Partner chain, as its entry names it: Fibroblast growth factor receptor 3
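Here's a solo chain for you in structure tokens, the form solved without the partner chain.
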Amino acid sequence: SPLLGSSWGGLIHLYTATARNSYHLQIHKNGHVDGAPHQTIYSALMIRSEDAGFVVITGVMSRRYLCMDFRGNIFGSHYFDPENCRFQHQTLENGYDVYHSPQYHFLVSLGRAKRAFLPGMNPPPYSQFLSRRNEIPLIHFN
């Protein structure tokens, strides 16, 4: 499905390129967040950039904001809460990206192992992301 620059929707799929098992972050209609081996309409995200490297991420099809609780668990919420739904984004020296809670420090990741982004150490491979341009034709979104 060859798409033009004016037909991919500006949507991005976050892929755990360096993890042992790589997936695209998926936000389901019910708010559950997991991984999809290949791009799906539910892994298509709108990543809104703000100042100072902060971002607000929304799953286009689920209509939910990516949020995180105090334990680092991520989920999709229909309601935006600044204490849980805004992340600090940053590109590491190795070229991959990480997203972490400015209040809880935990890194966004797909599995049960939650790790805090702390100064003086490197984040684990499973928490590193690569932004992949959406390749799913827009007719599939709704």
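Residue numbers count along the first chain shown, from 1.
If you look for the form deposited with the partner chain bound, you will not find it shown, but the lines that follow are about it.
Shown alone here, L110 lies farther than 4.5 Å from the partner chain in the entry with it bound, counting heavy atoms only.
Heavy atoms of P82 never reach within 4.5 Å of the partner chain in the entry with it bound, leaving it off the interface. At a distance threshold of 4.5 angstroms between non-hydrogen atoms, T91 is in contact with the partner chain in the entry with it bound. Interface membership of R48, defined by any non-hydrogen atom within 4.5 Å of the partner chain in the entry with it bound, is confirmed. Residues are counted as partner-facing when one of their heavy atoms sits within 4.5 Å of the partner chain in the entry with it bound; in 19 to 34 these are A19, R20, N21, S22, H24, in sequence order.
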